[PDB]
Amino acid sequence: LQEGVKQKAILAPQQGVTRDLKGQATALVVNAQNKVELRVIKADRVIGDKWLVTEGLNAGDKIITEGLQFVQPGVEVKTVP
Amino acid sequence: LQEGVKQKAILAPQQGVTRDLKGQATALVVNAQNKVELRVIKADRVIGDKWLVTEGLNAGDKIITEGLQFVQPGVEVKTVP
Amino acid sequence: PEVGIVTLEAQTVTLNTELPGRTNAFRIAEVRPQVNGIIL
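1. Points about the interface of chain B and chain A
No. 1: Taken residue by residue, the interface counts nine residues in chain B and eight residues in chain A.
No. 2: The residue makeup of the side of chain B that touches chain A, split by class, is five nonpolar, two polar and two charged.

Here it is, written out as structure tokens:
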């Protein structure tokens, strides 16, 4: 069914997400405490180059793209767009 | 049932493919620029241990099998058979 | 960062499917009496 309203949803780019066990979606974001956390997202579709996260990342969150090449959950870092 | 013979197609092993949303097929390959990309394949059948990709991966492409345990699209890597 | 990639190459394969099933009579009928009596 097509509901007539600008449907808004978080479209997190795949350049910042991984699929362990060839399925489970896990991402790395930085909390308000400038520390990196580990939250599991529920992205299923694939639009363009981003992934439609149904439940895992709300509006505002900061997704770490360039910096996962060497990191770990529980450390602090700098935020450079 | 004889479903005809396919001229020449790609048989990408399941050990390198995933099915998100319990359906959509997504794979991870490394381009000529030694960088990994995210292309959506259309593999339906299942031959032996490989999947007959109808549309998603052409002849030549490199499919990442041993290493997807921890990675992400948009990064470069080494090619070890 | 390193991974174990496999070179995809065009192969010549055949498409055949196996459908399991049980055999069954084409048509079946029962033989019954319609009058009372003794079988001669």
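2. Let's talk about the sheet that holds strand β4 (residues 36-41) of chain A
All names here are of chain A.
No. 1: What the three strands build is an open sheet, ordered β2-β3-β4; its pairing is antiparallel. What marks the edges here is a single partner per strand, and that holds for β2 (18-20) and β4. If you compare each strand with its neighbour and ignore which way they point, the axes differ by 40° on average.
No. 2: Relative to strand β3 (residues 24-30), β2 is paired through three bridges, and the arrangement is antiparallel. Paired with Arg19 across the two strands is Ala25, which belongs to β3.

3. Re the arrangement of the chains
No. 1: Contact analysis covers two pairs of chains in contact, and the most contacts occur between chains B and C.
No. 2: Chain A shows no contact with chain C. Their nearest C-alpha atoms sit 8 Å apart.

4. Some thoughts on unusual backbone geometry
No. 1: Positive phi values are uncommon outside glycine, yet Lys22 of chain A reaches one of about 50°.
No. 2: For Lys22 of chain A, the position within the fold is in the loop between β2 and β3.
No. 3: Despite not being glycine, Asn34 of chain B shows a phi value in the positive range, around 50°.
No. 4: Looking at the element boundaries, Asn34 of chain B is found in the loop between β3 (24-30) and β4 (36-41).

5. A word on the interface of chain B and chain C
No. 1: With 25 residues of chain B in contact, the opposing surface of chain C contributes 18 residues.
No. 2: For the side of chain B that touches chain C, the secondary structure elements donating two or more residues are β1 (2-13), β6 (62-66) and β7 (78-79) of chain B.
No. 3: Broken down by element, the residue count for the side of chain B that touches chain C peaks at eight residues, all from β1 of chain B.
No. 4: Along the lines of polarity and charge, the residues of the side of chain B that touches chain C split into nine nonpolar, eight polar and eight charged.
No. 5: Pairing analysis gives four bridges linking β6 of chain B to strand β1 (residues 2-7) of chain C, with the strands arranged antiparallel. Directly across from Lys62 of chain B, in β1 of chain C, lies its bridge partner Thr7 of chain C.

The rules behind the values
Positions along each chain are numbered from 1 by the written sequence. They may not match the entry numbering, and residues without coordinates are not shown. Chains and ligands are labelled by the order in which they are written, letters from A for the one and numbers from 1 for the other. What appears here is a fragment of a larger assembly, so each number quoted concerns just the fragment shown. Hydrogens are left out, water is left out, and the side-chain values use all remaining heavy atoms of the structure. Residues with missing side-chain atoms are left out of burial classes, side-chain pairs and their counts. In this description, contact between two residues means that some pair of their heavy atoms is separated by no more than 4.5 Å. Here the nonpolar group is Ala, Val, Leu, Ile, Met, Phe, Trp, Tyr, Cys and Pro; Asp, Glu, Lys and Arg are the charged ones; every other residue, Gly included, is treated as polar. Strands are labelled as partners when DSSP assigns at least two bridges between them. Numbering goes from the N terminus for both helices and strands, where a helix is a DSSP run of H or I of at least four residues and a strand is a run of E of at least two. Axis angles are defined between N-to-C directions and span 0 to 180 degrees, where every axis is a line fitted to C-alpha atoms and, for a helix, only to the segment in contact.

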